[PDB]
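J.: Have a look at this one.
2 protein chains.
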Amino acid sequence: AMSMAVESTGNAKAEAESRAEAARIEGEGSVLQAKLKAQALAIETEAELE
Amino acid sequence: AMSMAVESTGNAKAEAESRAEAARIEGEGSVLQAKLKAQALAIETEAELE
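Residue numbers (this note's numbering), protein chains in the order written: chain A, 1 to 50; chain B, 51 to 100.
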């Protein structure tokens, strides 16, 4: 049963650890993307304001 | 299970790392493109204003 316990936890958590680790890339990516999108829209909407 | 953990994380994050790395190119590209689009519309809309 101790092997059954470490089987279920170690396997299922490792799957749930990877998707959360992947979501961290989207979070850090979306920050840098939105930061770049700020400049994209800033230079677009401000320069076209003339 | 430690191999199962590094399998899921290392694989799934590497896929999510590449798409975020690709999105950085669009972000930096869109800034330079919008910056060039500013001149394109500026010279177009200002010179045609005469």
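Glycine is no exception: its CB is placed at the ideal position from the N, C-alpha and C atoms.
Count the C-beta pairs between the region 5 to 12 of chain A and the region 35 to 50 of chain A that are closer than 8 Å, then say yes if the count reaches three, no if not.
T.: They do not touch, by the three-pair rule.
J.: Measuring alpha carbon to alpha carbon, tell me which of B:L86, B:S53 and B:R69 ends up nearest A23 of chain A.
T.: The option with the nearest alpha carbon to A23 of chain A is B:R69.
J.: Using only alpha-carbon positions, find the residue among A:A12, A:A16, A:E26 and A:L49 that is nearest to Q89 of chain B.
T.: Considering only alpha carbons, the answer is A:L49.
J.: Specify the secondary structure class of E76 of chain B as computed by DSSP and reduced to three states.
T.: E76 of chain B falls in the helix class under three-state DSSP.
J.: CB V81 of chain B to CB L36 of chain A, shorter than 8 Å?
T.: It is a contact, given that the beta carbons lie within the stated cut-off.
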